[PDB]
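This document starts with one chain, in the form deposited in one PDB entry, laid out as structure tokens.
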């Protein structure tokens, strides 16, 4: 079980909650059998300066071999004062600082959620914190650590867990450098694992017949027609929600209402207004 540090910047913790909803494997199995989640402020036992010190002791022991999950975007305005994630040595730690410290020494960075991957809502029109995507922030600072984007607001648990297993199985078969190269090969131009983001929702939507017939729902509660006029962004969205659906398979956005394109890099503004085409 490789060591994993989970750092939260400008996040809503939705990435962590969706992971707790993992079915196969259960979250208990992921934690106890797949990864060693050494730092995670929402669920870990210790606290404060000691939790940070523990992470540093593990980071220094496993330099170059630990995996760094980043939730939320990184605010660069005001010298990082818009996201303080901890304090050690009477020294406040910003997300900018923390990412410069640990980013270089990770085997890989998993930017989970649209905020970390692409900037998302904290980076949208009207914001003023300098919210920055992880891959951009690292490049801007000369950090060459590979980044895998697992977007979505939130991602499906299978997308996060699935990508970790994908990379761990690659690394077992081909070693660290070779395994990560095999991973990059299966990323699309937006950094996303094609197993989960390789198919367009609309092209696979069960209401595609109604769409072509031009039969549109006019009220949300009308489950016969296509949802396009209500605002469905399925036609511009790459995810497998039509197949694996959500929360143990009980529903998904297009059946219930509309797709809002939460996995795409221009979320939210490029997918807004949500409730008109």
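For the two forms, the rigid core is made up of the largest set of C-alpha atoms that agree within 1.5 Å on superposition. Positions refer to the first chain, counted from 1.
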| query | finding |
| --- | --- |
| 113-121 versus 198-206 - greater average Cα B-factor per the deposited record | 198-206 |
| Residue range whose averaged C-alpha B-factor is higher in the record, 246-254 or 209-217 | 209-217 |
| Maximum C-alpha temperature factor, selected from 71, 101, 140, 87 | 140 |
| Deposited CA B-factor, highest of 150, 147, 161, 187 | 187 |
| Third assignment of residue 134 from its chain's C-alpha B-factors | middle |
| Residue 237 - which third its CA temperature factor falls in, relative to the rest of the chain | middle |
| B-factor third for the C-alpha atom of residue 223 within its chain | highest |
| Residue 50 by Cα B-factor - lowest, middle or highest third of the modelled chain | lowest |
| Third assignment of residue 80 from its chain's C-alpha B-factors | highest |
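Heads up, the form deposited in another entry isn't pictured, but that's what we're talking about next.
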{"item": "Residue from 59, 226, 30, 238 whose Cα, after superposing the rigid core, lies 2 Å or more away between the shown form and the other one", "value": "30"}
